[PDB]
Amino acid sequence: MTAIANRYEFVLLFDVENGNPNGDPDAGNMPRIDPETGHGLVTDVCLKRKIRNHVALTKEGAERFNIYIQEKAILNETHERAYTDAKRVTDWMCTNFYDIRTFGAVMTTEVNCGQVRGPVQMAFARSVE
RNA sequence: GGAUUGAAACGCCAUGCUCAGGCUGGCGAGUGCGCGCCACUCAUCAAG
């Protein structure tokens with residue numbers, strides 16, 4: 001196993017047709033609008049949730065690709081793990097949970113304060129117009 | 001390469017505007033009103 005060797009930046013263009021891409025819990029579930037520009041807004045956490053769900057569906061409990069932060073799409077059919085003192089448990093979590101390895105996580109541990117950062121980072125998505 | 005009160009963080013699941021109801025019943029464009037009163041095609045020119 002070896003980590004990636006290059007820095008990456010990506011731009012993703014997605015559209016919505018007659019739908020609510022991301023409701024605003026502070027505007028009666030209306031789609032988010034940017035007050036400064038009037039552009040539609042989609043938080044990063046929404047896209048991260050979608051990515052987590054997609055990977056959970058696609059790999060469905062494979063060896064290295066379990067998803068920790070679930071949203072009631074879980075299935076209890078079958079799980080397996082790599083079978084690897086805080087560093088030990090941190091590496092074990094990273095080595096077999098895709099979302100922890102990708103976005104990071106924070107455990108209730110003291111020595112490192114829990115901070116697992118992860119390489120991937122996403123910003124708020126806003127409408128073109 | 002230890003720490004940007006940070007690191008992780010869906011507003012989300014779903015819900016017929018429907019059932020229906022004449023713009024109708026009936027009402028002359030009509031009564032009447034000269035295109036009419038006049039005005040040369042005409043004054044000439046072998047047939048070869």
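Protein chains get the first letters and strands the later ones, always in sequence-line order, with residue 1 at the start of each.
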* Structure fact -> Rounding to 0.5 Å, atoms CG (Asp99(A)) and CZ (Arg101(A)) come to a distance of 9.0 Å
* Interatomic distance where CD belongs to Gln70(A) and P belongs to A9(B) [whole Å] -> 14 Å
* To do: Report the pucker family of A43(B) (north if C1'-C2'-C3'-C4' is positive, south if negative).
  => north
* Interatomic distance at P, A8(B) relative to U4(B), whole Å -> 11 Å
* Starting from Watson-Crick (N1-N3 plus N6-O4 or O6-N4) and G-U wobble pairs under 3.5 Å, report the runs of at least three that RNA chain B belongs to. => none
* To the nearest angstrom, how far is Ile51(A) atom CD1 from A9(B) atom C1'? -> 14 Å
* Do other residues, nucleotides or ligands put more than 12 heavy atoms under 6.0 Å from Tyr98(A) OH? -> no
* Are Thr95(A) and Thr84(A) close enough that some pair of their side-chain heavy atoms sits under 4.5 Å apart? -> yes
* Using atom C1' of each nucleotide, how far apart are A7(B) and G1(B) to the nearest Å? -> 16 Å
* To do: Would you please name every residue forming a ring pair (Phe, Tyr, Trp, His ring centres under 6.0 Å) with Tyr68(A), sequence neighbours left out?
  => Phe97(A)
* Torsion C1'-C2'-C3'-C4' of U15(B), interpreted as north if positive, south if negative -> north
* Asked: Where along residues 105-129 of chain A does a heavy atom come under 4.0 Å from RNA chain B, residue by residue in number order?
  -> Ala105(A), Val106(A), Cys113(A), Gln115(A), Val116(A), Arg117(A)
* Asked: Reading nucleotides 10-17 of chain B from the 5' end, what letters show protein touch, with B for base, S for backbone sugar-phosphate only, - for no heavy atom under 4.0 Å?
  -> BBS-----
* Can you list, by residue number, the residues of residues 80-91 of chain A that have a non-hydrogen atom closer than 4.0 angstrom to RNA chain B? -> none
* Asked: To the nearest 0.5 Å, how far apart are CG in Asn66(A) and CD in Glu60(A)?
  -> 11.5 Å
* Would you call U24(B) and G25(B) stacked when the test is ring centres under 5.5 Å and planes under 30°? -> yes
* Structure fact -> Relative to its sugar, using the 90° cut-off around 0, the base of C42(B) is syn
* Taking syn as any angle within 90 degrees of 0 and anti as the rest, which one fits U4(B)? -> anti
* Other residues, nucleotides, ligands: >12 heavy atoms within 6.0 Å of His39(A) NE2 -> yes
* So what's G26(B) doing, north or south, if we go by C1'-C2'-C3'-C4' (plus is north, minus is south)? -> south
* Asked: Taking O4'-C1'-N9-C4 for purines and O4'-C1'-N1-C2 for pyrimidines, is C12(B) syn (within 90° of 0) or anti?
  -> syn
* Syn or anti for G28(B) (syn when the glycosidic angle lies within 90° of 0) -> syn
* Asked: Taking the same atom, P, in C45(B) and in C40(B), what whole-Å distance lies between them?
  -> 24 Å
* Asked: How many angstroms lie between CG in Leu57(A) and CZ in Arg52(A), if you round to the nearest 0.5 Å?
  -> 14.5 Å
* Under 5.5 Å centre to centre and under 30° between the ring planes, is that true for the bases of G36(B) and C37(B)? -> yes
* Asked: How many angstroms lie between atom CG of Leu41(A) and atom CG of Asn22(A), to the nearest 0.5 angstrom?
  -> 7.0 Å
* Linking I/L/V/M/F/W/Y whenever any side-chain heavy atoms sit under 4.5 Å apart, do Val120(A) and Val42(A) land together? -> yes
* **Gap separating the CZ atom of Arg64(A) from the CD atom of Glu80(A), nearest 0.5 angstrom** => 12.5 Å
* To do: Rounded to the nearest 0.5 Å, what's the gap from CD1 on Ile100(A) to CD1 on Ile69(A)? Could you check?
  => 6.5 Å
* Asked: Under the criteria of ring-centre distance below 5.5 Å and plane angle below 30 degrees, do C19(B) and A20(B) stack?
  -> no
* Taking C-beta and beyond as the side chain, do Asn29(A) and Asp24(A) meet within less than 4.5 Å on heavy atoms? -> no
Do any side-chain atoms of residues 121-128 of chain A form donor-acceptor pairs under 3.5 angstrom with protein atoms, and if so which ones, sequence neighbours left out?
residue: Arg126(A); atom: NH2; partner: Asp34(A); partner atom: OD2; Å: 3.3
residue: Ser127(A); atom: OG; partner: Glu129(A); partner atom: N; Å: 3.4
residue: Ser127(A); atom: OG; partner: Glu129(A); partner atom: O; Å: 2.6

* To do: Ignoring hydrogens and angles, state whether a donor on the side chain of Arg81(A) or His79(A) is under 3.5 Å from an acceptor on the partner side chain.
  => yes
* Is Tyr8(A) reachable from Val55(A) through a run of hydrophobic residues whose side-chain heavy atoms are each under 4.5 Å from the next? -> no
* Asked: Is the base of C37(B) syn or anti, if syn means a glycosidic angle within 90° of 0?
  -> syn
